[PDB]
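J.: Following this message is one structure expressed as C-alpha cells.
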C-alpha cells in the first residue's frame, strides 16, 4: 500500500544587509527585517508493490507545501516512478541531481528562501537542482555505493525537440559514496558540454533573460568526515568551471570558482550545537580574477529535540561577499520549529 | 499520526441583479443567472505528537479545493505549525484572523463566491481574512477564552524588508469569548496604525491598484445570543473606522461604518429552518455621510441532515445596496448539498 | 471513510515529424526527438457515506499530478459531489462528458501529451472533455445502462450570467450502453445549438483567440465488439457536424467529418499484444471537401503485466495527416511503465 509523509518547518528570521551601493543610510546600513518564514515545508505520497522475483515497483509524489500558502504544484519536489531489485535502483522523473543528494553531508541548516545564502551554505548549494531525468543507484558494495544520472537534450530544451538549432543541453550527473565505521567520503559531479548560467553562477533554463551561454560546464564536489558516536564533522571541496559561449570577443574564454565548506556538531543528549564555516575563493570570470564572487560565511546554531520528529531550531549567520567598496555583509539570526511526519 | 479531513459542498444558485446604471432592460432588470457553483470545498491534513511533559506539537495544511477545478495552491486556507500545552496554544502560519473565527456565530450560510454577498452575510464578513502571523489562544477559564494575533511589518510588506520607505502595515488582532449554560458572547477586533482599503471597504495588500491608504484602521465586532436546546439565536454589532492617508486635500479626514446582523434558527429533528437579517448603516466617507455603502439584506433557508456529515441546503436572499437612483437590488436562491469527511 | 487512489505512468518517447512546409532538411525530415514524458499521472481522493434508506453520498477530488512536476490545481480531473441509490446516480461537478467515458472502449494507449495524436487515437478523442455539469447515470437494466448530462449556459459562459449578449453555449450529453455475454455496444453523443471550435476541430471556450463560432454542433459516437475470454476487439464510428456562425459570407455554411477506429488485442498470459487502426475521412469545411483534416493512423504495441497494478508498456505509431504537398507524417515509439494504486 501507500505512505503519506512530509516535513513542516517555519520560524522567525531577523536579517540586516550592509551594502554601500543600494543603501542610503550612513555606514551603508539597511534596517532590521523581522519576518515569519516557512523553511520549505513539504508533503509527499509514496508507495511500492513487490513484483515477486525479488523486485519492487516504486513511486513518489512530493510537493513544496509552505504553511504561508505561497506554493502550488504537484510533483515539484523529487517525484518519480522506478524499479528496485538485486541490481539496484532505476528511477525516471523530477529527480534530485546526484549533487543535490550530497547536500545532507554539506548543508543541514533550515532557512527561509530570503536567508538561504546567510543562514545556510546556500552559495555552495547553488549547483544543486532537480532535473527531469533517468537515474541509476547501485546497491551498497561493502560500504561503496554509486549513482549515474542523465538529462536528455529534448528534456533540457522542449522548444527544440525537432529543430536542433540550439546546441544540446543534455547533462550527465554521477556520484560515488563510501560509508564505513561511520566514516564517509563521496564524490559528486555533473557535466554538460553546453549549458547556461545566471549572474549568481546558478544554472538557468535555455532562453531565460540575461542568461550567459557556456560550454564544457562541469561541477566537482568532494565531502568527508563522519557522522556517529554523539558527534558529526564534515569538510567539502567544490570546483566549478566552464568556457564562455556567447559570440562576441569573450567567447571561448574561461570561467571557474572554488568553494570550501566545514561543519562540526556535537550532541549533548537532546541539544546538538553546530558550527559551519564556508569560503568562496577568488573567481576567474572570462579568464580574469574577479573578487565580486569571493565570500566568507560562518553559521553557529543548535537543535533541541523535543522528540525524534520535533525539533526547535536556533542559528545565526554572518556573510561577507566580494571585496572593496562594492561589499555586501549580511547578518541574520533565527528561532524555529520543525515537525517530520 | 496524521488525519485527513475536508468538506465538499456545491449546488445550483439562481441570481438576478437590478441595477439602474449597468442594465439596458426596462426596470433596470438583469436576466436570471442559473449556475452550478462550488461553495468552497476544502481538503486538509493535520497531525500532532505528544512531547511528553503535557505538551503537543500541532500542524495543519488546509487548501481550497473546488470540485469545479478552479483552485490551485497548498496552504491557502488556515495552515500552521504550533505548540499546545497547559499554558494554551501558540501557532505561526497562514492563520485565520481572530475576526474570521468569529464568522461561525455570525454567518453560517453556504454560498458560491458570486453570491457570498446576497446568499450570505458577505458584506459584514468583508473584514474577515487570513494573514501570515503568530497567534496565541488562551485555555478556557470557567467559560472565558481569549486570543491575540500579530502580523509583522515585513510579513505585511515583503518588498520593504530592508527599506522602510512605506509605513508599517503591522496589525494586531485580539478576541475574548465567553460560553456558559450554552450562552455565548464575544468581542473580536483588529488594529493597524497603517493599512489600505479597496472601494468595497475590504483591506487589500499594499501597492494594489486603486487602493486607498488609511491610518488608524480598526474593526470592532461583538456577538451574542446562544446555541443549544434544539435552538440557535445570535446578534452581532460591527464598527469599523479609519482616517484618509492619501496625500491630497482629503488626508486625515475620517471614514467609518456600522453594521448589525441578526440570525435565528430552530431545529425540527433533521430540518433546521434559519433566518438572518443584516443592516449596513449610513457610511461616513471623508467625514461625509455617503449612502452608497448602506444596505439591507435578509436570508431565509433550512438544512436537511441526511446524516451528521451530509446535509441538503436551501436558501433565498434579498439584498438592497445604497439609496436613490444608483441602487442595486440582488435576489438569489439556492439548493445544495454538503459532505464533511 | 475515505479512499486514496491514483495512477503513476511515464516513459521515454521517440518522435519524428516529416512536414514539407515547416522543415528545412531534404525530404522535409525533422530530427529525432528523444524525451522522458509523463503519460498523465493522476492522484485522487474519494469517499462515501450510507444515508440509511438504501442511499449513499459520493464525492471525488481527482487531479493531474505529472511526476515531471508540470501540473497544478485541485479538482482539474473528474471531481464531484453526488447521490446514489436504487434510482441510479446523480453527480454535479467537473464531470467527464459521456463521450469521454466512452474513451476506454476506443483509445486505451498511454502517451505523453506531445504524442497523444500519433501514439494514441488522439484525433478521434478531440471531442472528449470535462465540463462543469449535472449528470445522471441509470442503473443497469439487464445489460442496458444510460446517462444524461447538461452544461448550464452560465456555466458555459461566466462573463455573461446577467447579460445574454452572446448566444447560450449550454450543451446536452447523452449515452446508452449495452453489455451482455461480454458483448458491448454503446452510443455516445452531445449537442449544443451554439458552440465554438479551434482549427483542430476541438471545442474551445467562448472568447478564445482564433475560435470560430458554430451553431447546431453535434457529435455522434458508436462503439462495439467485445472484451472477455483472453481477447479484446472493438470498432467505433464517429460523426461530427455544425454550421458556420461567424458573420461574413460563410455563415450558415456546413461543416462535418467522419472518423472510424478499430482495435484488437489478445492476451498471452501476462503479455497483451494490441493493434489499432484509425481513419479520418475527407472533411467538408464550409460545405467544401477539405483534405487537410483526412488522416490514416496505425498503432501496434503490447503490455507486460508484472502484477495487476504494474505494467510495462511498448508501442509504435504511424500517422499521416491531409493530402498532397502540405502533408504531415508522424512516427513515434515508446517504452514505459505504469502503476495503479
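J.: Go through segment C:132-144 and report how many residues are more than 9 Å from chain B (Cβ to nearest Cβ) and either closer than 11 Å to residue C:89 by Cα or not in a strand (DSSP E or B) (or both).
T.: Final tally of qualifying residues: 8.
J.: On the basis of being more than 9 Å from chain B (Cβ to nearest Cβ), in contact (Cβ under 8 Å) with a residue 12 or more places away in the chain and touching a helix residue (DSSP H, G or I) at 6+ places or on another chain (Cβ under 9 Å), does residue C:114 make the cut?
T.: Working: more than 9 Å from chain B (Cβ to nearest Cβ): yes; in contact (Cβ under 8 Å) with a residue 12 or more places away in the chain: yes; touching a helix residue (DSSP H, G or I) at 6+ places or on another chain (Cβ under 9 Å): no.
No; evaluated as a whole, the condition is false for this residue.
J.: Among the residues of segment C:52-61, write down those that are in a strand (DSSP E or B) and either away from chain A (no Cβ under 14 Å) or touching a helix residue (DSSP H, G or I) at 6+ places or on another chain (Cβ under 8 Å) (or both). Working first, answer last.
T.: Let us first name the residues in segment C:52-61 that are in a strand (DSSP E or B), namely C:55-61.
C:55, C:56, C:57, C:58, C:59, C:60 - these are the residues of segment C:52-61 that are in a strand (DSSP E or B) and either away from chain A (no Cβ under 14 Å) or touching a helix residue (DSSP H, G or I) at 6+ places or on another chain (Cβ under 8 Å) (or both).
J.: Also, quick follow-up: Can you find a residue in segment B:30-51 that is within 30 Å of residue A:336 (Cβ to Cβ), in a loop (DSSP other than H, G, I, E, B) and more than 8 Å from every other protein chain (Cβ to nearest Cβ)?
T.: First pass over segment B:30-51, keeping only residues within 30 Å of residue A:336 (Cβ to Cβ): B:42-51.
Narrowing further to those that are in a loop (DSSP other than H, G, I, E, B): B:51.
From what's left, more than 8 Å from every other protein chain (Cβ to nearest Cβ): none.
Checked against the condition, which is being within 30 Å of residue A:336 (Cβ to Cβ), in a loop (DSSP other than H, G, I, E, B) and more than 8 Å from every other protein chain (Cβ to nearest Cβ), segment B:30-51 yields no hits at all.
J.: Might you check whether a residue that is over 30 Å from residue B:179 (Cα atoms), at the interface with another protein chain (Cβ under 7 Å from one of its Cβ atoms) and either free of Cβ contacts under 8 Å to residues at least 12 places away in the same chain or surrounded by fewer than 19 Cβ atoms within 10 Å (Cβ to Cβ) (or both) occurs anywhere in segment B:74-84?
T.: Scanning segment B:74-84, I find no residue that is over 30 Å from residue B:179 (Cα atoms), at the interface with another protein chain (Cβ under 7 Å from one of its Cβ atoms) and either free of Cβ contacts under 8 Å to residues at least 12 places away in the same chain or surrounded by fewer than 19 Cβ atoms within 10 Å (Cβ to Cβ) (or both), so the answer is no.
J.: Confirm whether residue B:332 is within 14 Å of chain C (Cβ to nearest Cβ) and within 22 Å of residue B:21 (Cβ to Cβ).
T.: Values: within 14 Å of chain C (Cβ to nearest Cβ): yes; within 22 Å of residue B:21 (Cβ to Cβ): yes.
Taking the combined requirement at face value, the residue satisfies it.
J.: Any chance segment B:152-173 includes a residue that's closer than 18 Å to residue B:133 by Cβ, more than 14 Å from chain A (Cβ to nearest Cβ) and either touching a strand residue (DSSP E or B) at 6+ places or on another chain (Cβ under 8 Å) or surrounded by fewer than 17 Cβ atoms within 10 Å (Cβ to Cβ) (or both)?
T.: Looking through segment B:152-173, at least one residue is closer than 18 Å to residue B:133 by Cβ, more than 14 Å from chain A (Cβ to nearest Cβ) and either touching a strand residue (DSSP E or B) at 6+ places or on another chain (Cβ under 8 Å) or surrounded by fewer than 17 Cβ atoms within 10 Å (Cβ to Cβ) (or both).
J.: Would you tally the residues in segment B:84-108 being more than 20 Å from residue B:185 (Cα to Cα) and part of a loop (DSSP other than H, G, I, E, B)? Quick ask: steps written out before the conclusion?
T.: Here is the first cut: in segment B:84-108, the ones more than 20 Å from residue B:185 (Cα to Cα) are B:84-95.
Next, from what is left, pick out any that are part of a loop (DSSP other than H, G, I, E, B): B:86-87.
Number of matching residues: 2.
J.: Mind checking which residues of segment B:182-238 are free of Cβ contacts under 8 Å to residues at least 40 places away in the same chain, within 28 Å of residue B:109 (Cα to Cα) and part of a loop (DSSP other than H, G, I, E, B)?
T.: Within segment B:182-238, B:198, B:199, B:204, B:205, B:230 qualify.
J.: Considering only residues that are more than 19 Å from residue B:12 (Cβ to Cβ) and either touching a residue at least 24 places away in the same chain (Cβ under 8 Å) or within 14 Å of chain C (Cβ to nearest Cβ) (or both), which ones fall in segment B:288-318? Talk me through it step by step, then tell me what you get.
T.: Residues of segment B:288-318 that are more than 19 Å from residue B:12 (Cβ to Cβ), as a first pass: B:288-298, B:305, B:307-309.
Selection gives B:291, B:292, B:293, B:294, B:295, B:296, B:297, B:305, B:307, B:308, B:309.
J.: Go through segment A:34-52 and count every residue that is closer than 17 Å to residue A:116 by Cα and touching a residue at least 24 places away in the same chain (Cβ under 8 Å).
T.: Within segment A:34-52, the subset closer than 17 Å to residue A:116 by Cα is A:34-42.
Filter again for touching a residue at least 24 places away in the same chain (Cβ under 8 Å), leaving A:35-42.
Counting residues in segment A:34-52 that are closer than 17 Å to residue A:116 by Cα and touching a residue at least 24 places away in the same chain (Cβ under 8 Å) gives 8.
J.: Are there strands (runs of 3 or more DSSP E) fully within segment B:244-337 with at least 3 residues that are within 24 Å of the chain's Cα centre (by Cα) and crowded, with 21+ Cβ neighbours inside 10 Å? List them. Give the derivation first.
T.: Numbers: elements: B:254-266, B:271-285, B:288-290, B:295-305, B:310-321.
In segment B:244-337, the matching strands (runs of 3 or more DSSP E) lie at B:254-266, B:271-285, B:295-305, B:310-321.
J.: So is residue C:235 more than 22 Å from the chain's Cα centre (by Cα) and either surrounded by fewer than 20 Cβ atoms within 10 Å (Cβ to Cβ) or within 14 Å of chain A (Cβ to nearest Cβ) (or both) or not?
T.: Answer is no for this residue.
J.: Taking the stated definitions as given, is residue A:259 in contact (Cβ under 8 Å) with a residue 12 or more places away in the chain and touching a helix residue (DSSP H, G or I) at 6+ places or on another chain (Cβ under 9 Å)? Talk me through it step by step, then tell me what you get.
T.: On the way: in contact (Cβ under 8 Å) with a residue 12 or more places away in the chain: yes; touching a helix residue (DSSP H, G or I) at 6+ places or on another chain (Cβ under 9 Å): yes.
The answer is yes for residue A:259.
J.: Taking the conditions exactly as written (within 9 Å of chain C (Cβ to nearest Cβ), touching a residue at least 60 places away in the same chain (Cβ under 8 Å) and either closer than 30 Å to residue C:161 by Cβ or under 22 Å from the mean Cα position of the chain (by Cα) (or both)), does residue B:64 satisfy them or not?
T.: On the way: within 9 Å of chain C (Cβ to nearest Cβ): yes; touching a residue at least 60 places away in the same chain (Cβ under 8 Å): no; either closer than 30 Å to residue C:161 by Cβ or under 22 Å from the mean Cα position of the chain (by Cα) (or both): yes.
Judged against the criteria, residue B:64 is not a match.
J.: Would you pick out the residues in segment A:1-29 that are within 7 Å of chain B (Cβ to nearest Cβ), surrounded by fewer than 18 Cβ atoms within 10 Å (Cβ to Cβ) and closer than 24 Å to residue B:152 by Cβ?
T.: Hits for segment A:1-29: nothing passes.
J.: Taking only pairs six or more apart or across chains, which ones have beta-carbon atoms under 6 Å, a first residue in segment A:162-179 that is in contact (Cβ under 8 Å) with a residue 60 or more places away in the chain, and a second residue that is in a loop (DSSP other than H, G, I, E, B) and surrounded by 17 or more Cβ atoms within 10 Å (Cβ to Cβ)?
T.: Note: pairs meeting the criteria are A:173/A:97.
J.: Which one of the conditions (1) more than 9 Å from every other protein chain (Cβ to nearest Cβ); (2) surrounded by fewer than 22 Cβ atoms within 10 Å (Cβ to Cβ); (3) within 20 Å of residue A:40 (Cβ to Cβ) does residue B:88 fail to meet, given that it meets all the rest?
T.: It fails just one condition, (3).
J.: Any residue at all in segment A:96-108 that's surrounded by fewer than 23 Cβ atoms within 10 Å (Cβ to Cβ), touching a strand residue (DSSP E or B) at 6+ places or on another chain (Cβ under 9 Å) and within 7 Å of another protein chain (Cβ to nearest Cβ)?
T.: No, segment A:96-108 contains no residue that is surrounded by fewer than 23 Cβ atoms within 10 Å (Cβ to Cβ), touching a strand residue (DSSP E or B) at 6+ places or on another chain (Cβ under 9 Å) and within 7 Å of another protein chain (Cβ to nearest Cβ).
Since every read-out is calculated from the coordinates, none of them should be taken as a lab result. Note that each Cβ is placed from the backbone with ideal geometry, even for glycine, and that neighbours are counted across all protein chains shown.
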